[PDB]
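The block underneath contains the structure these notes are about, expressed in structure tokens.
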Amino acid sequence: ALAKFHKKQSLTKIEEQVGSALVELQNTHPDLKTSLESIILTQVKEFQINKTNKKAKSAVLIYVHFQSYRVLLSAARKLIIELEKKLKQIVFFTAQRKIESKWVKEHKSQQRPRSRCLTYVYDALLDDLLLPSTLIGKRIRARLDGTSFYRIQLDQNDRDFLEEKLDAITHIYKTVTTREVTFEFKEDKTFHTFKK
RNA sequence: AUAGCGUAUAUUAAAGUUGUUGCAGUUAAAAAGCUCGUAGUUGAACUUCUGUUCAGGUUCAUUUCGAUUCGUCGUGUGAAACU
Ligand SMILES: [Mg+2]
Ligand SMILES: [Mg+2]
């Protein structure tokens, strides 16, 4: 299952595990055939989440190569559902994203596109951390000391999926992104003129 | 006022009575009869945010302490904004 990676050269126990998983799946499910055909992985990181629960929960973040992204997003629910089954942890997916530095412009003729920027990329990471669902809203809080703070408003209907994942997400985001993230569930409010 | 003191004239403050700071324009002087428009002046938001760690001063405070004196130094400790 080095076929599932871009380096193929070296893989951790964790990456051996995920590779073998995606193998097992491309074999079992005709559902995911095409989707797992097109998905190549760059990287896999593992995380340990320890909370006041005394529950130490292993959580896995897997990095899809950018060209597999559309297909990944198409297969997301089925995929995370089956992968959470094949390992006793929970899974997340991201796109592998480069970041171009502000003041070191390497080539005279290349304008660093905003698609790769510290911010935009980090934000995108959040969008992926929630991946089956989406932000209903996002707000930033300034505390009195000068700490920035994030809090995010989420579709009611997706509570089932996202409830336990929250801690994992805040741990991951605090780690990679350096950001404090909070969540809320509201109902998605559509403003309709209904004719009764 | 005073070995000086009147007067005339230009100029300075008085003057926010030339106004960048800083004026006015319904009725005291003051918005052009009305639109288009070139020079001129004027221009929406986004890009390494951010946490951690070490040092160095510099300010800050003092139920930290000291040292001397007519008040500086040293030392805390923490607070910081740094670099
Ligand atoms: Mg009149
Ligand atoms: Mg501007």
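Chain labels follow the order of the structure tokens: the first chain is A, the next B, and so on; residue numbering restarts at 1 in every chain, and ligands are counted from 1 in their shown order.
Residue-level contacts from chain B to chain A at 12 Å, counting only C-alpha atoms (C1' of nucleotides), read residues 46, 47, 48, 49, 50, 51, 52 and 80 of chain B.
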Taking C-alpha atoms (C1' of nucleotides) for each residue, export the selection above as a PDB file, in the first residue's frame.
```
ATOM      1  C1'   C B  46      -8.295  40.285   1.813  1.00  0.00           C
ATOM      2  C1'   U B  47      -1.881  37.931   2.052  1.00  0.00           C
ATOM      3  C1'   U B  48       3.238  35.087   8.218  1.00  0.00           C
ATOM      4  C1'   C B  49      -2.596  36.208  11.910  1.00  0.00           C
ATOM      5  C1'   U B  50      -0.407  33.361  15.928  1.00  0.00           C
ATOM      6  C1'   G B  51       1.519  30.172  20.285  1.00  0.00           C
ATOM      7  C1'   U B  52       5.801  28.547  22.689  1.00  0.00           C
ATOM      8  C1'   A B  80       4.414  45.277  30.810  1.00  0.00           C
TER       9        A B  80
END
```
Per DSSP on the backbone, what are the strand (DSSP E) residues of range 76-140 of chain A, as a VMD selection string? chain A and resid 90 to 95 135 to 140
Would you list the contacts of range 10-20 of chain A as a list in words, taking every protein, DNA or RNA residue within 7 Å and counting only C-alpha atoms (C1' of nucleotides), but skipping same-chain residues closer than 4 positions in sequence?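 After dropping sequence-adjacent residues, the list is residues 1, 4, 24 and 44 of chain A.
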How would the residues just picked look written out with N, CA and C atoms as a PDB file, in the first residue's frame?
```pdb
ATOM      1  N   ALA A   1       0.820  -1.204   0.000  1.00  0.00           N
ATOM      2  CA  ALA A   1       0.000   0.000   0.000  1.00  0.00           C
ATOM      3  C   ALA A   1       0.857   1.259   0.000  1.00  0.00           C
ATOM      4  N   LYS A   4      -0.633   3.987  -2.242  1.00  0.00           N
ATOM      5  CA  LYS A   4      -1.524   5.003  -1.686  1.00  0.00           C
ATOM      6  C   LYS A   4      -0.815   6.289  -1.255  1.00  0.00           C
ATOM      7  N   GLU A  24      -8.014  -2.616   1.918  1.00  0.00           N
ATOM      8  CA  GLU A  24      -9.162  -3.419   2.338  1.00  0.00           C
ATOM      9  C   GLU A  24     -10.475  -2.878   1.774  1.00  0.00           C
ATOM     10  N   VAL A  44       0.311  11.192   6.834  1.00  0.00           N
ATOM     11  CA  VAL A  44      -0.650  10.902   7.886  1.00  0.00           C
ATOM     12  C   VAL A  44      -0.017  11.317   9.202  1.00  0.00           C
TER      13      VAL A  44
END
```
Taking only C-alpha atoms (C1' of nucleotides) and all ligand atoms into account, report as a VMD selection string which residues have an atom no farther than 12 Å from an atom of ligand 2. chain B and resid 42 to 46
Serialized selection, N, CA, C and O atoms (P, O5', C5', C4', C3', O3' and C1' of nucleotides), as a PDB file, in the first residue's frame:
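As a result, result22.pdb now contains:
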```
ATOM      1  P     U B  42      -5.042  63.960  -2.974  1.00  0.00           P
ATOM      2  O5'   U B  42      -6.474  63.273  -2.914  1.00  0.00           O
ATOM      3  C5'   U B  42      -7.361  63.558  -1.848  1.00  0.00           C
ATOM      4  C4'   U B  42      -8.645  62.779  -1.963  1.00  0.00           C
ATOM      5  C3'   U B  42      -8.519  61.270  -1.925  1.00  0.00           C
ATOM      6  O3'   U B  42      -8.333  60.768  -0.617  1.00  0.00           O
ATOM      7  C1'   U B  42     -10.029  61.903  -3.632  1.00  0.00           C
ATOM      8  P     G B  43      -7.276  59.589  -0.357  1.00  0.00           P
ATOM      9  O5'   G B  43      -8.171  58.368   0.136  1.00  0.00           O
ATOM     10  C5'   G B  43      -8.108  57.105  -0.513  1.00  0.00           C
ATOM     11  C4'   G B  43      -9.432  56.737  -1.140  1.00  0.00           C
ATOM     12  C3'   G B  43      -9.547  55.326  -1.703  1.00  0.00           C
ATOM     13  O3'   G B  43      -9.834  54.349  -0.713  1.00  0.00           O
ATOM     14  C1'   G B  43     -10.425  56.884  -3.263  1.00  0.00           C
ATOM     15  P     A B  44     -10.208  52.840  -1.145  1.00  0.00           P
ATOM     16  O5'   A B  44     -11.771  52.713  -0.873  1.00  0.00           O
ATOM     17  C5'   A B  44     -12.273  52.747   0.453  1.00  0.00           C
ATOM     18  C4'   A B  44     -13.046  51.502   0.807  1.00  0.00           C
ATOM     19  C3'   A B  44     -12.242  50.277   1.204  1.00  0.00           C
ATOM     20  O3'   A B  44     -11.733  50.348   2.525  1.00  0.00           O
ATOM     21  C1'   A B  44     -13.994  49.648  -0.248  1.00  0.00           C
ATOM     22  P     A B  45     -10.271  49.768   2.852  1.00  0.00           P
ATOM     23  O5'   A B  45     -10.519  48.219   3.092  1.00  0.00           O
ATOM     24  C5'   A B  45     -11.518  47.782   3.997  1.00  0.00           C
ATOM     25  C4'   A B  45     -11.833  46.325   3.797  1.00  0.00           C
ATOM     26  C3'   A B  45     -10.634  45.400   3.675  1.00  0.00           C
ATOM     27  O3'   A B  45     -10.058  45.070   4.927  1.00  0.00           O
ATOM     28  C1'   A B  45     -12.160  44.919   1.954  1.00  0.00           C
ATOM     29  P     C B  46      -8.473  44.809   5.058  1.00  0.00           P
ATOM     30  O5'   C B  46      -8.266  43.405   4.338  1.00  0.00           O
ATOM     31  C5'   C B  46      -9.005  42.272   4.765  1.00  0.00           C
ATOM     32  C4'   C B  46      -8.632  41.025   4.004  1.00  0.00           C
ATOM     33  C3'   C B  46      -7.155  40.739   3.836  1.00  0.00           C
ATOM     34  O3'   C B  46      -6.547  40.250   5.018  1.00  0.00           O
ATOM     35  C1'   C B  46      -8.295  40.285   1.813  1.00  0.00           C
TER      36        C B  46
END
```
Please provide the set of residues having any atom within 10 Å of residue 37 in chain A, restricted to only C-alpha atoms (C1' of nucleotides), with same-chain residues fewer than 5 positions apart removed, written as number ranges by chain. A: 4, 22, 26, 32, 68, 71
Would you mind listing what lies within 12 Å of residue 81 in chain B as a PDB file with N, CA, C and O atoms (P, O5', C5', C4', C3', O3' and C1' of nucleotides), in the first residue's frame, with only C-alpha atoms (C1' of nucleotides) counted and same-chain residues fewer than 4 positions away left out?
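Output below, filename around03.pdb:
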```pdb
ATOM      1  P     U B  58      19.388  49.701  31.531  1.00  0.00           P
ATOM      2  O5'   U B  58      17.922  50.135  31.087  1.00  0.00           O
ATOM      3  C5'   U B  58      17.706  50.791  29.846  1.00  0.00           C
ATOM      4  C4'   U B  58      16.238  51.013  29.579  1.00  0.00           C
ATOM      5  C3'   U B  58      15.415  51.490  30.760  1.00  0.00           C
ATOM      6  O3'   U B  58      15.570  52.875  31.007  1.00  0.00           O
ATOM      7  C1'   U B  58      14.253  49.775  29.611  1.00  0.00           C
ATOM      8  P     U B  59      14.954  53.524  32.337  1.00  0.00           P
ATOM      9  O5'   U B  59      13.508  53.996  31.883  1.00  0.00           O
ATOM     10  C5'   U B  59      12.465  54.087  32.832  1.00  0.00           C
ATOM     11  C4'   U B  59      11.177  53.535  32.288  1.00  0.00           C
ATOM     12  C3'   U B  59      10.095  53.289  33.319  1.00  0.00           C
ATOM     13  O3'   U B  59       9.432  54.474  33.714  1.00  0.00           O
ATOM     14  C1'   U B  59      10.231  51.432  31.868  1.00  0.00           C
ATOM     15  P     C B  60       9.333  54.838  35.272  1.00  0.00           P
ATOM     16  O5'   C B  60       8.234  53.815  35.807  1.00  0.00           O
ATOM     17  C5'   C B  60       7.054  53.585  35.052  1.00  0.00           C
ATOM     18  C4'   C B  60       6.244  52.430  35.578  1.00  0.00           C
ATOM     19  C3'   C B  60       6.285  52.193  37.071  1.00  0.00           C
ATOM     20  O3'   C B  60       5.533  53.144  37.797  1.00  0.00           O
ATOM     21  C1'   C B  60       6.343  50.125  35.922  1.00  0.00           C
TER      22        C B  60
END
```
Give me the residues within 9 Å of residue 60 in chain A as an mmCIF file with N, CA and C atoms, in the first residue's frame, counting only C-alpha atoms (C1' of nucleotides) and dropping any in the same chain fewer than 3 places off.
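As a result, selection_3.cif now contains:
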```
data_model
loop_
_atom_site.group_PDB
_atom_site.id
_atom_site.type_symbol
_atom_site.label_atom_id
_atom_site.label_comp_id
_atom_site.auth_asym_id
_atom_site.auth_seq_id
_atom_site.Cartn_x
_atom_site.Cartn_y
_atom_site.Cartn_z
ATOM 1 N N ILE A 14 1.494 4.007 11.536
ATOM 2 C CA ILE A 14 0.210 4.648 11.323
ATOM 3 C C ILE A 14 -0.140 4.680 9.825
ATOM 4 N N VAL A 44 0.311 11.192 6.834
ATOM 5 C CA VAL A 44 -0.650 10.902 7.886
ATOM 6 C C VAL A 44 -0.017 11.317 9.202
ATOM 7 N N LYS A 45 -0.746 12.095 9.989
ATOM 8 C CA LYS A 45 -0.312 12.412 11.339
ATOM 9 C C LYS A 45 -1.229 11.727 12.329
ATOM 10 N N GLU A 46 -0.665 11.352 13.469
ATOM 11 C CA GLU A 46 -1.456 10.831 14.564
ATOM 12 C C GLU A 46 -1.450 11.845 15.699
ATOM 13 N N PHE A 47 -2.551 11.905 16.439
ATOM 14 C CA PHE A 47 -2.646 12.773 17.604
ATOM 15 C C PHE A 47 -3.230 12.058 18.811
ATOM 16 N N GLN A 48 -2.799 12.498 19.984
ATOM 17 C CA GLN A 48 -3.359 12.024 21.232
ATOM 18 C C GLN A 48 -4.153 13.147 21.868
ATOM 19 N N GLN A 89 -9.852 4.341 16.349
ATOM 20 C CA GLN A 89 -9.841 5.797 16.474
ATOM 21 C C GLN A 89 -10.853 6.512 15.576
ATOM 22 N N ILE A 90 -10.759 7.839 15.547
ATOM 23 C CA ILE A 90 -11.549 8.668 14.639
ATOM 24 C C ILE A 90 -10.630 9.271 13.578
ATOM 25 N N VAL A 91 -11.183 9.556 12.402
ATOM 26 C CA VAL A 91 -10.382 10.059 11.288
ATOM 27 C C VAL A 91 -10.781 11.460 10.825
ATOM 28 N N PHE A 92 -9.831 12.139 10.194
ATOM 29 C CA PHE A 92 -10.047 13.438 9.584
ATOM 30 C C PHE A 92 -9.292 13.454 8.261
ATOM 31 N N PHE A 93 -9.719 14.309 7.341
ATOM 32 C CA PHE A 93 -9.043 14.445 6.059
ATOM 33 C C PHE A 93 -8.708 15.907 5.810
#
```
Straight-line distance linking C1' of residue 82 in chain B with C1' of residue 62 in chain B, stated in Å to one decimal: 22.1 Å
Neighbouring residues of residue 129 in chain A were defined as those with any atom within 9 Å, considering only C-alpha atoms (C1' of nucleotides); residues of the same chain fewer than 4 positions away were excluded. Please report them as a PyMOL selection string. chain A and resi 61+92-94+124-125+169+172-173
Please produce an output containing N, CA and C atoms for each residue in the selection, written as an mmCIF file, in the first residue's frame.
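Just written: part_22.cif:
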```cif
data_model
loop_
_atom_site.group_PDB
_atom_site.id
_atom_site.type_symbol
_atom_site.label_atom_id
_atom_site.label_comp_id
_atom_site.auth_asym_id
_atom_site.auth_seq_id
_atom_site.Cartn_x
_atom_site.Cartn_y
_atom_site.Cartn_z
ATOM 1 N N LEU A 61 -5.212 12.218 11.508
ATOM 2 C CA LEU A 61 -5.413 13.185 10.430
ATOM 3 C C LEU A 61 -4.687 12.757 9.170
ATOM 4 N N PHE A 92 -9.831 12.139 10.194
ATOM 5 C CA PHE A 92 -10.047 13.438 9.584
ATOM 6 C C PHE A 92 -9.292 13.454 8.261
ATOM 7 N N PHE A 93 -9.719 14.309 7.341
ATOM 8 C CA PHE A 93 -9.043 14.445 6.059
ATOM 9 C C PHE A 93 -8.708 15.907 5.810
ATOM 10 N N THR A 94 -7.566 16.163 5.179
ATOM 11 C CA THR A 94 -7.242 17.520 4.726
ATOM 12 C C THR A 94 -6.661 17.456 3.310
ATOM 13 N N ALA A 124 -8.919 26.921 5.657
ATOM 14 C CA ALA A 124 -9.277 25.755 4.865
ATOM 15 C C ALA A 124 -9.144 24.480 5.689
ATOM 16 N N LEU A 125 -8.053 24.379 6.451
ATOM 17 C CA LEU A 125 -7.862 23.241 7.355
ATOM 18 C C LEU A 125 -9.069 23.070 8.255
ATOM 19 N N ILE A 169 -10.878 18.151 17.258
ATOM 20 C CA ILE A 169 -10.699 19.277 16.353
ATOM 21 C C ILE A 169 -9.987 20.444 17.027
ATOM 22 N N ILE A 172 -6.268 19.426 17.490
ATOM 23 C CA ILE A 172 -5.600 19.498 16.193
ATOM 24 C C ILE A 172 -5.346 20.941 15.753
ATOM 25 N N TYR A 173 -6.379 21.769 15.847
ATOM 26 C CA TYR A 173 -6.308 23.156 15.412
ATOM 27 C C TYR A 173 -5.400 23.981 16.323
#
```
